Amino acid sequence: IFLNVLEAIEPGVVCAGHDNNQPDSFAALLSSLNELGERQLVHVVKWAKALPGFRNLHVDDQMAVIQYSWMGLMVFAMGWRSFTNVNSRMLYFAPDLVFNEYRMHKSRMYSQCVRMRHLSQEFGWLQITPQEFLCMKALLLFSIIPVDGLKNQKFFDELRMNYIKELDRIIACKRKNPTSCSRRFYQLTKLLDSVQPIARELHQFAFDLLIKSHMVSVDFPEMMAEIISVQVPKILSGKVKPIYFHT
């Protein structure tokens, strides 16, 4: 039943509304990414809330969890769109916002894009399964919290453990078998850990851009400006940190 839900609640295609007739300018690319950000945020919020056992979390923790994991969730899904649609050649942000080397450099985000392209490849280098992808993605929502804990840390802990057990079950139940029930787990949890450092580089980047955003003609939609100035700082200042499997 768990896999039915994830498959059933998987959001669809989200376009960024990017004008591809216009030249690839830093402000153009980042504004489109920003807008894409506002657009996917809406979806992620509706996805997370329809997640199994999500309502078991306290109200502001439901929101907290979302406002802290959104960067990680979106990159992971983006990495995945890149794998299916284009074999991780280029980064598939949206059908109308595909980044190539030029764009990557022409976004002043080259290095970060290398890491994400690198992630998309892992989906291939490991032959990651659509069912594993979904579970992994779900687990990402419960992978970053305040060091002083949430309102009801207990419920969150119950919720996080169960999701881990599921990622473990779709690695055991008949389908691909292989006693590799361990090697496969070490690797996925290893892949899961790797989205975090990538998400941090983007967190810092989004932040600096926002501070001097109007100095570079870069528009930040409402929701995005709020979360980057209110929630991301807590991550960057160390108040909220990611949960790592390996450490």
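Sequential numbering from 1, following the sequence displayed.
Peer 1: Given the B-factors recorded for C-alpha atoms, which segment has the greater mean, 75-83 or 145-153?
Peer 2: The recorded data point to 145-153.
Peer 1: Regarding 224-232 and 17-25, which shows the higher C-alpha temperature factor on average in the entry?
Peer 2: It is 17-25.
Peer 1: Per the entry's Cα B factor values, which of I66, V218, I198, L41 stands out as the maximum?
Peer 2: Among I66, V218, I198, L41, the highest C-alpha B-factor in the entry belongs to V218.
Peer 1: Which one of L30, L209, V59, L202 shows the biggest C-alpha B-factor in the PDB entry?
Peer 2: Answer, based on the entry's C-alpha B-factors: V59.
Peer 1: Where does the C-alpha B-factor of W125 rank in its chain, lowest, middle or highest third?
Peer 2: Answer is highest: the recorded C-alpha B-factor places it there.
Peer 1: Test of reading the entry: by CA B factor among the chain's modelled residues, which third contains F93?
Peer 2: Lowest third - that is where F93 ends up once the chain's C-alpha B-factors are sorted.
Peer 1: Per the entry's values, where does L140 land by CA temperature factor relative to the rest of its chain, in the lowest, middle or highest third?
Peer 2: For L140, whose C-alpha B-factor we compare with every modelled residue in the chain, the answer is the lowest third.
Peer 1: Is the Cα B-factor recorded for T179 in the lowest, middle or highest third of its chain?
Peer 2: Its C-alpha B-factor, which the entry lists for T179, ranks in the highest third among residues of this chain.
Peer 1: Compare the C-alpha B factor of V45 with those of the other modelled residues in its chain, then answer lowest, middle or highest third.
Peer 2: Within its chain, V45 is a lowest-third residue by C-alpha B-factor, going by the deposited values.
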